[PDB]
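Let me begin by presenting the structure, written as structure tokens, before commenting on it.
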Amino acid sequence: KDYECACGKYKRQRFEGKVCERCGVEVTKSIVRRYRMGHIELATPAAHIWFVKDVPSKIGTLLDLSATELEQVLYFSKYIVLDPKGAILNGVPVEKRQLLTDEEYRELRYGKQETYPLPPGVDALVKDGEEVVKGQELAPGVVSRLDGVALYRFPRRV
Amino acid sequence: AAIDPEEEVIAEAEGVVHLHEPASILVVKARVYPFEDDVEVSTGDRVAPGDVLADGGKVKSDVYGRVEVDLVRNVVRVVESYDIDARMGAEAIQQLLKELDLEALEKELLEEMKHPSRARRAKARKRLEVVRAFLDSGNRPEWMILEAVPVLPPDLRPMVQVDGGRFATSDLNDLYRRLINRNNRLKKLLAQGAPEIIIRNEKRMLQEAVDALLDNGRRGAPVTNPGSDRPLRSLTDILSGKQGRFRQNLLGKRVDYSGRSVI
Amino acid sequence: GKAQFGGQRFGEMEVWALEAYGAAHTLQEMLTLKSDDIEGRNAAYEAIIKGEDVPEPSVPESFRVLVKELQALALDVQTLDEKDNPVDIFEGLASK
Amino acid sequence: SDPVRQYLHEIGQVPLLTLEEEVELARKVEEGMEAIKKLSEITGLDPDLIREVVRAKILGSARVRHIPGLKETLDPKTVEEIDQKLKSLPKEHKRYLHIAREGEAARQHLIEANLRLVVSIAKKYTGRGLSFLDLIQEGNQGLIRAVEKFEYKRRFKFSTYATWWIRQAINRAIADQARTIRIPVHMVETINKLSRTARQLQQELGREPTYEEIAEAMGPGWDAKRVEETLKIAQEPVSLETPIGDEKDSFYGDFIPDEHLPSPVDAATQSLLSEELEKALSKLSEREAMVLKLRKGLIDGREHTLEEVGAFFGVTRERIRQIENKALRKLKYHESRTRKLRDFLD
RNA sequence: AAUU
DNA sequence: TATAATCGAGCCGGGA
DNA sequence: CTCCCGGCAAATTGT
Ligand SMILES: [Zn+2]
């Protein structure tokens, strides 16, 4: 309402510019509700769709990223590498602005491992802590797919 | 150890222990570094070859990896893996956009302008036109990514009581609400340390909420009010088309002092 | 529409007619005092009931709507004078 | 290309837990919280601050941000200081750090392993005003709650405890977010009750029930007036962009007058009135014109009592009543003479 | 859906 | 707050 | 080529 704060402490134009302490509302023309903007502070930055999806994409064009690549990074289908930190994948070093899948990112970032179920009652051939080559037999029916340290999960019998 | 004092296994006398019939065997590609005294790195820490692990500096790591401190096996595992920086979403892109030296890219692209192949010169031009746009204008490319999202003044998206005391409201209010809800939930999930799968889902949903707000239907299925097939009317829809702001309220208007009748 | 006591639509093609006649002041009236120029239409009515000539128009409110809608899209639209300095068409109401 | 399908694929990349694995993680989490409690005692550091620092190192450098309840800004400077103070503990104390660390790690894994549970619960609550993915995230929020409260000792499977927390979380979301005009959860509860009841009444009566019939069916406290007021409150707004019949060439908002901004006539009329009112008040003494302005609210917007006007001009409540009537009488005289203000009475 |  | 529950359901022109 | 997005007369009325 014109020159009237929310709670009504200051109700006329003698106060113009006052900000009511109780209710917090400015005394001015109500017309400003057509003019004054608010804003939302995002937790994560978000891309403006015009500069993504308007072809040829402006963001894609500056960064030399195709339509498909830019979609995949923006919509969380693929990682893009900012700093390889000496990473290497499949024998070749990971270079910046390279796209990694989830499996590729997890293997790089958290390492590669595998867990092998043991047929009920069957006891292991190798012992806990023992280094194992790929292809080596863990149990009568269990063969390891990768090199590394074998670890016992839940011993049923001590 | 067990739930109740009984059923516990307490050692009857002096002896040595052997483990049998494990449920599964976990093969990890990792290095094991046993330690007699105290360990200086705690579990989860990231480590490069040469970093000190336990026993005041005696034992150190041979590989790049992630620290697993085993208090049972009394060994410090290092799981082979790197401190690699790889990101998803608009945050990654905002970073790559900040890290653009447009001056350099103009130079690089001009050198590309001397190449004989027609396609080489053509693409370098289109890129160079975008580069030059930003250069001449003074706009920073990272502005194509939003951090603060503007909110249109309320009287332009009104909530008004119609004649019958009923309420009528603009579709933008619902589009903002989806945004606000998803942003707030994202803040909460961050403070509560949700797993990356959950935080990632929230982030991609946040992008879609911004997308529907700015241009609904542009990417992916259009956002609708419940139990209606009508796409909500977004900012882009308001501006453009026959019914848009330009061709409806700007290049033509309804006017006062006017009338009509049969001739 | 008649049921709302409406005004007639003076649409794009009608504006073309006023343009082809070169009737610039007639056209400006359609775009401001007889439509969405709030300050203008109020002042124009007051002048007619007082016998004065109608005043020169002000900014159409629908342009202000356009400006704010482009701000909601994170686009900065600035009305500038010949010196390329900003002109405030909101008359201080929208600036802190 | 489909956000739901995508999420379904990512959850399917975390294998479900074995009975053993479930207990191990749940166990490590409980033990880990206990470790953080002790680290509080030993160090004298807020349990939450310790928990956030432990959690920071587990999740990695990726997530570092300010946490609300915490008094200190949480940044690598403070997390190194606090982590370095924790690593400054003697071996028997420093063991609790390793436990807390493994607790956070196990919690992450426990949560991730139950995400498919949330999906199967969320799919049943669709169509109530939240999108499928919105329901999943709120359900996930509950799943996070369940992991913190779970007591593994009771030997119940996790799915049993979580389901309560997940259902609770989704239902709060629907009650909290589904309406453009937000309604308190309890009020939302009443409305749904009123709906269910009427649906029963219509199924037995073979026709729509009256307000009175619903008020009886609702029990004590309810009459028809309250049934009606409740339904009025339950009305959702309608879109200004709803298309009107014919071609899609007209929206509903276009038929709604603006009742707020004065019309050209009104602007003219009110302005002319303000000007004639002042012409008559300057023809009063300053002292007797100011009293009338204070009493009718033309100054400050409030109509002041007789006692208050006495305090500002420092006179008696009866004196102020007297100058108002003589002021108003003199005003009345100038009016009968100039006929200026008569036409504004409509 | 009408009128021109 | 504790049985257990664990992956959805119109024709047309122009430009990358 | 194929696909993906942008266009596709005006004013008026009526339930
Ligand atoms: Zn106030």
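We label chains A, B, ... in the order they appear in the structure tokens, count residues from 1 in each chain, and number ligands from 1 in the order shown.
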Residue neighbourhood range 289-305 of chain D, 9 Å, only C-alpha atoms (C1' of nucleotides), exclusion window fewer than 3 positions, as a ChimeraX atom specification: /A:4,8-15 /D:281-286,308-310,313,320,323-324,327-328
Atoms to include: N, CA and C atoms. Write the selected residues as a short mmCIF file (atom, residue, chain, number, x, y, z; two decimals), in the first residue's frame.
```
data_model
loop_
_atom_site.label_atom_id
_atom_site.label_comp_id
_atom_site.auth_asym_id
_atom_site.auth_seq_id
_atom_site.Cartn_x
_atom_site.Cartn_y
_atom_site.Cartn_z
N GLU A 4 2.81 3.11 3.16
CA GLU A 4 2.35 2.44 4.35
C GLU A 4 3.15 1.16 4.52
N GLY A 8 2.00 -1.09 9.83
CA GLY A 8 1.29 0.17 9.96
C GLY A 8 1.76 1.14 11.02
N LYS A 9 3.05 1.12 11.36
CA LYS A 9 3.58 2.10 12.29
C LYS A 9 3.71 3.45 11.59
N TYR A 10 4.19 3.45 10.36
CA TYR A 10 4.37 4.67 9.58
C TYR A 10 3.36 4.59 8.44
N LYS A 11 2.28 5.36 8.51
CA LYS A 11 1.26 5.22 7.49
C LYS A 11 1.15 6.34 6.45
N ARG A 12 1.90 7.44 6.52
CA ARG A 12 1.72 8.48 5.51
C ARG A 12 3.05 9.05 5.03
N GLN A 13 2.97 9.87 3.98
CA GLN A 13 4.11 10.39 3.25
C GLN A 13 5.06 11.27 4.06
N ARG A 14 4.71 11.72 5.27
CA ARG A 14 5.74 12.44 6.03
C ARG A 14 6.98 11.58 6.21
N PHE A 15 6.80 10.26 6.30
CA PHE A 15 7.90 9.31 6.25
C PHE A 15 7.97 8.77 4.83
N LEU D 281 -8.32 24.17 4.82
CA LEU D 281 -7.57 24.12 6.08
C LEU D 281 -6.60 25.28 6.29
N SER D 282 -6.18 25.98 5.23
CA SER D 282 -5.30 27.11 5.49
C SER D 282 -6.10 28.30 5.98
N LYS D 283 -7.44 28.25 5.80
CA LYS D 283 -8.38 29.29 6.20
C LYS D 283 -8.76 29.10 7.66
N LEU D 284 -8.17 28.09 8.30
CA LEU D 284 -8.25 27.86 9.73
C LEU D 284 -6.93 28.31 10.33
N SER D 285 -6.99 28.79 11.56
CA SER D 285 -5.77 28.99 12.32
C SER D 285 -4.89 27.74 12.22
N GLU D 286 -3.58 27.95 12.36
CA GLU D 286 -2.66 26.82 12.33
C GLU D 286 -2.95 25.86 13.48
N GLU D 308 -4.29 12.18 23.42
CA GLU D 308 -3.00 12.33 22.75
C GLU D 308 -2.84 13.72 22.14
N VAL D 309 -3.90 14.27 21.53
CA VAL D 309 -3.84 15.61 20.96
C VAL D 309 -3.64 16.63 22.08
N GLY D 310 -4.18 16.34 23.26
CA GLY D 310 -3.92 17.17 24.42
C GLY D 310 -2.45 17.22 24.80
N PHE D 313 -0.33 19.41 21.98
CA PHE D 313 -0.52 20.84 22.19
C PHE D 313 -0.58 21.20 23.67
N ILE D 320 -9.48 20.23 23.51
CA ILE D 320 -9.23 19.73 22.15
C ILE D 320 -10.52 19.34 21.44
N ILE D 323 -11.99 22.87 20.23
CA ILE D 323 -11.50 23.46 18.99
C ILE D 323 -11.80 22.61 17.76
N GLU D 324 -11.96 21.29 17.92
CA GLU D 324 -12.40 20.47 16.79
C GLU D 324 -13.81 20.83 16.32
N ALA D 327 -13.54 24.38 14.91
CA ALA D 327 -12.85 24.25 13.63
C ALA D 327 -13.77 23.65 12.58
N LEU D 328 -14.39 22.52 12.91
CA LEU D 328 -15.32 21.86 12.00
C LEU D 328 -16.53 22.75 11.69
#
```
Tell me, as a PDB file with N, CA and C atoms, in the first residue's frame, which residues lie within 7 Å of residue 7 in chain F, counting only C-alpha atoms (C1' of nucleotides); anything in the same chain fewer than 4 positions away does not count.
```pdb
ATOM      1  N   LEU D   8      18.433 -44.056 -11.944  1.00  0.00           N
ATOM      2  CA  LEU D   8      18.279 -45.480 -11.715  1.00  0.00           C
ATOM      3  C   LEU D   8      19.542 -46.242 -12.094  1.00  0.00           C
ATOM      4  N   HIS D   9      20.195 -45.865 -13.186  1.00  0.00           N
ATOM      5  CA  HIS D   9      21.440 -46.535 -13.548  1.00  0.00           C
ATOM      6  C   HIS D   9      22.565 -46.310 -12.520  1.00  0.00           C
ATOM      7  N   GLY D  12      22.193 -48.399  -9.491  1.00  0.00           N
ATOM      8  CA  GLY D  12      22.424 -49.818  -9.695  1.00  0.00           C
ATOM      9  C   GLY D  12      23.892 -50.209  -9.732  1.00  0.00           C
ATOM     10  N   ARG D 116      18.274 -47.836  -3.451  1.00  0.00           N
ATOM     11  CA  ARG D 116      17.192 -48.504  -4.172  1.00  0.00           C
ATOM     12  C   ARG D 116      15.967 -48.708  -3.292  1.00  0.00           C
TER      13      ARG D 116
END
```
Protein and nucleic residues near ligand 1, 7 Å, only C-alpha atoms (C1' of nucleotides) and all ligand atoms, as a PyMOL selection string: chain A and resi 5-10+20-25
Spatial neighbours of residue 50 in chain A, 9 Å, only C-alpha atoms (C1' of nucleotides), chain gap at least 3 places, as a PyMOL selection string: (chain A and resi 47+53-55+57-58) or (chain B and resi 144+214-215)
Dump C-alpha atoms for the selected residues as a short mmCIF file (atom, residue, chain, number, x, y, z; two decimals), in the first residue's frame?
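File produced: part33.cif:
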```cif
data_model
loop_
_atom_site.label_atom_id
_atom_site.label_comp_id
_atom_site.auth_asym_id
_atom_site.auth_seq_id
_atom_site.Cartn_x
_atom_site.Cartn_y
_atom_site.Cartn_z
CA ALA A 47 24.35 -22.81 -16.65
CA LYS A 53 21.36 -24.86 -26.16
CA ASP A 54 21.26 -21.96 -28.71
CA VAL A 55 23.11 -23.28 -31.74
CA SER A 57 26.32 -23.10 -28.71
CA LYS A 58 28.22 -20.11 -27.40
CA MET B 144 27.08 -17.42 -19.03
CA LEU B 214 14.43 -19.57 -18.12
CA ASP B 215 13.23 -21.58 -21.09
#
```
Long-range neighbours of residue 6 in chain G as a ChimeraX atom specification, 12 Å cut-off, only C-alpha atoms (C1' of nucleotides), 3 positions minimum in chain: /A:54-55 /B:240-241 /F:12-15
Residue set, range 13-84 of chain C restricted to alpha helix (DSSP H), as a PyMOL selection string: chain C and resi 13-21+24-31+38-50+61-72
Interface list for chain C, partner chain B, 9 Å threshold, only C-alpha atoms, as an mmCIF file with C-alpha atoms, in the first residue's frame:
```
data_model
loop_
_atom_site.group_PDB
_atom_site.id
_atom_site.type_symbol
_atom_site.label_atom_id
_atom_site.label_comp_id
_atom_site.auth_asym_id
_atom_site.auth_seq_id
_atom_site.Cartn_x
_atom_site.Cartn_y
_atom_site.Cartn_z
ATOM 1 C CA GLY C 6 -12.371 -2.915 -23.499
ATOM 2 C CA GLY C 7 -10.354 -0.819 -25.844
ATOM 3 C CA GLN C 8 -9.756 -1.730 -29.469
ATOM 4 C CA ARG C 9 -6.538 -3.468 -30.392
ATOM 5 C CA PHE C 10 -4.337 -1.167 -32.463
ATOM 6 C CA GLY C 11 -2.101 -3.924 -33.702
ATOM 7 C CA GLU C 12 1.071 -4.241 -35.710
ATOM 8 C CA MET C 13 -0.628 -3.687 -39.015
ATOM 9 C CA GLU C 14 -2.470 -0.628 -37.678
ATOM 10 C CA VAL C 15 0.882 0.827 -36.532
ATOM 11 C CA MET C 30 -1.499 5.107 -29.408
ATOM 12 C CA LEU C 31 1.679 3.777 -27.809
ATOM 13 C CA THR C 32 1.583 5.936 -24.676
ATOM 14 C CA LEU C 33 -1.219 8.257 -23.465
ATOM 15 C CA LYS C 34 -4.013 6.106 -24.882
ATOM 16 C CA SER C 35 -2.460 2.862 -23.517
ATOM 17 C CA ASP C 36 0.145 1.882 -20.979
ATOM 18 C CA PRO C 60 5.213 3.023 -21.807
ATOM 19 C CA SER C 62 5.165 -2.295 -21.016
ATOM 20 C CA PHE C 63 8.703 -1.303 -21.912
ATOM 21 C CA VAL C 65 7.961 -4.739 -18.057
ATOM 22 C CA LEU C 66 10.212 -5.789 -20.947
ATOM 23 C CA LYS C 68 12.606 -6.238 -15.946
ATOM 24 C CA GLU C 69 11.763 -9.432 -17.763
ATOM 25 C CA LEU C 70 15.136 -9.340 -19.474
ATOM 26 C CA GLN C 71 16.793 -8.751 -16.067
ATOM 27 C CA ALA C 72 15.044 -11.850 -14.786
ATOM 28 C CA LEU C 73 16.894 -13.627 -17.617
ATOM 29 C CA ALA C 74 20.172 -12.235 -16.350
#
```
Neighbours of chain B in chain A at 7 Å, counting only C-alpha atoms, as a ChimeraX atom specification: /A:33-49,51,61-62,73-76,78-85,87,108-118,121-124,147-158
Contacts of residue 1 in chain E at 10 Å or less, counting only C-alpha atoms (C1' of nucleotides), minus same-chain residues fewer than 2 places along, as a PDB file with C-alpha atoms (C1' of nucleotides), in the first residue's frame?
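Written out: part21.pdb:
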```pdb
ATOM      1  CA  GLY D 245     -11.876 -21.500 -25.180  1.00  0.00           C
ATOM      2  CA  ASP D 246     -11.585 -20.865 -29.019  1.00  0.00           C
ATOM      3  CA  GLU D 247      -8.149 -20.621 -30.634  1.00  0.00           C
TER       4      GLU D 247
ATOM      5  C1'  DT G  13     -17.442 -12.428 -30.407  1.00  0.00           C
ATOM      6  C1'  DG G  14     -18.919 -15.965 -27.746  1.00  0.00           C
TER       7       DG G  14
END
```
Chain D residues near chain F (12 Å cut-off, only C-alpha atoms (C1' of nucleotides)) as a PyMOL selection string: chain D and resi 2-18+111-124+126+131-133+136+142+145-146+149-168
Strand (DSSP E or B) per DSSP on the backbone: members of chain C, as number ranges by chain: C: 8-10, 79-80, 86-87
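Picture a line from CA of residue 30 in chain A to CA of residue 1 in chain A; it runs 5.4 Å.
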Residues of chain D within 8 Å of chain B, only C-alpha atoms counted, as a PyMOL selection string: chain D and resi 1-2+7+10-11+55+57-60+63+65+67-68+87+91+97-98+101-102+108+111-112+127+129+133+137+140-141+144+153+177+180+235-241+249+253+256
Keeping only C-alpha atoms, write the selected residues as a tab-separated table (two decimals), in the first residue's frame.
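Result saved to part.tsv:
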```tsv
chain	number	residue	atom	x	y	z
D	1	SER	CA	18.67	-38.12	-21.70
D	2	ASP	CA	16.01	-39.12	-19.10
D	7	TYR	CA	19.56	-41.93	-11.62
D	10	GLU	CA	23.77	-44.82	-11.04
D	11	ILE	CA	22.14	-46.46	-8.00
D	55	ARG	CA	33.55	-35.94	7.57
D	57	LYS	CA	38.56	-35.53	5.16
D	58	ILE	CA	36.50	-38.63	4.27
D	59	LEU	CA	34.56	-36.94	1.45
D	60	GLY	CA	37.71	-35.31	0.20
D	63	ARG	CA	33.23	-30.77	-0.38
D	65	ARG	CA	31.83	-25.41	3.04
D	67	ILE	CA	28.18	-25.55	8.22
D	68	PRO	CA	25.24	-23.67	9.89
D	87	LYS	CA	46.68	-36.02	15.15
D	91	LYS	CA	48.47	-43.27	20.41
D	97	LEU	CA	40.31	-40.52	15.27
D	98	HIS	CA	40.86	-43.62	13.15
D	101	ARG	CA	37.19	-41.69	10.16
D	102	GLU	CA	36.14	-45.26	9.45
D	108	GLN	CA	28.57	-43.12	3.26
D	111	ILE	CA	23.54	-44.78	2.72
D	112	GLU	CA	24.64	-45.48	-0.85
D	127	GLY	CA	0.67	-38.13	-8.35
D	129	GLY	CA	1.94	-32.98	-6.42
D	133	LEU	CA	12.70	-37.26	-8.54
D	137	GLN	CA	15.44	-36.84	-2.83
D	140	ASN	CA	16.84	-40.04	0.51
D	141	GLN	CA	16.78	-37.32	3.14
D	144	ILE	CA	20.12	-40.30	5.83
D	153	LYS	CA	22.10	-54.26	18.40
D	177	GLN	CA	5.74	-28.25	-0.75
D	180	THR	CA	1.35	-22.69	-4.09
D	235	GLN	CA	-8.92	-24.14	-2.72
D	236	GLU	CA	-5.84	-23.97	-4.88
D	237	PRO	CA	-5.15	-20.92	-7.08
D	238	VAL	CA	-5.56	-21.15	-10.85
D	239	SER	CA	-3.05	-20.13	-13.53
D	240	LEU	CA	-3.24	-16.68	-15.06
D	241	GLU	CA	-2.05	-18.38	-18.28
D	249	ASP	CA	-5.36	-16.67	-28.63
D	253	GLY	CA	-5.21	-13.15	-16.88
D	256	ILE	CA	-8.83	-9.48	-14.92
```
Residue hits in chain G, query chain B, radius 12 Å, only C-alpha atoms (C1' of nucleotides), as a PyMOL selection string: chain G and resi 4-9+11-12
Within 12 Å of chain C: residues of chain D, using only C-alpha atoms, as a VMD selection string: chain D and resid 250 254 to 258 261 to 272
Best match for closeness to chain G among A:56, A:91, A:141, A:86, counting only C-alpha atoms (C1' of nucleotides):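 Closest to chain G of all the choices is A:56.
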